[PDB]
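Colleague: Before we start, here is the structure in question, set down as structure tokens.
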Amino acid sequence: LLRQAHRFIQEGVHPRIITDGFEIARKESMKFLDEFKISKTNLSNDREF
Amino acid sequence: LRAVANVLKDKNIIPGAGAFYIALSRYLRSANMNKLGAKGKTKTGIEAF
Amino acid sequence: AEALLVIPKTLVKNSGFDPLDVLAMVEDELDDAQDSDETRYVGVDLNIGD
């Protein structure tokens, strides 16, 4: 992540906006995480799985 | 033993082999253009993430 | 496409204006031009910065 941000640092981008944009994307990733996850049953027939 | 124990305790499972990383990277890229509810300079942090 | 952006980026950089700000305002203006269905010519202003 520092390598991808290195290109923006040399252009004059302040690191706070770089870090603030990560927290916004982190909160949006949690919303996609709830839809992407799959609930697995507690039943004991999953030994094959 | 701990990876299997987490499946029984936590009923949620996620596929590996880069399934979550590729799907999340493509989703956040196309969603930032439709939302546009953060800031113009935030696009640098979202694209880098 | 990103290599041609150096000309508008370094043009406002020598004047002291933030090159990241001009890229955000112009890009947001071109998106609203297609929604209104009209031809809009956008260019950089070195004195004001917008």
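Colleague: What is the order of A:32, C:17, B:49, fewest Cβ neighbours within 10 Å to most?
Modeller: Ordered from fewest to most neighbouring Cβ atoms within 10 Å, A:32, C:17, B:49 come out as A:32, C:17, B:49.
Colleague: Sort A:29, B:30 so the one with the fewest other Cβ atoms within 10 Å of its own Cβ comes first.
Modeller: B:30, A:29
Colleague: Using only alpha-carbon positions, what ratio does the radius of gyration of the protein assembly as shown give when scaled by 2.2 N^0.38 Å?
Modeller: Compared with the compact-globule rule of thumb, the protein assembly as shown sits at 1.46.
Colleague: So, one more: In chain C, how does Rg compare with the Kirkwood Rh, expressed as the Rg/Rh ratio over alpha carbon atoms?
Modeller: 1.00
Colleague: Step through the table entries B:39/C:13; A:37/B:39; A:31/B:39; A:27/B:39; A:27/B:43; A:37/B:43, compare each Cα-Cα distance with 18 Å, and write down the pairs that go over it.
Modeller: Those over the limit are B:39/C:13; A:37/B:39; A:31/B:39; A:37/B:43.
Colleague: While we're here: How many percent of all Cα-Cα pairs in chain B sit more than 18 Å apart?
Modeller: The calculated P(r) of chain B puts 51 percent of pairs beyond 18 Å.
Colleague: Still on this model: Sort C:37, C:21 so the one with the fewest other Cβ atoms within 10 Å of its own Cβ comes first.
Modeller: If I rank by nearby Cβ atoms, fewest first, I get C:37, C:21.
Colleague: Compute from the Cα atoms of chain A the Rg and the Dmax, the latter being the longest Cα-Cα distance, and quote both in angstrom.
Modeller: 19.1, 57
Colleague: Across peptide B:26-37, how many C-beta atoms of other chains are within 10 Å of each residue C-beta, on average?
Modeller: Mean inter-chain Cβ contacts per residue within 10 Å come to 2.
The numbers here are math on the coordinates, done by the rules we state, and not lab data. Here Cβ is always computed from backbone atoms with ideal geometry, including for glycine, and neighbour counts include all displayed protein chains.
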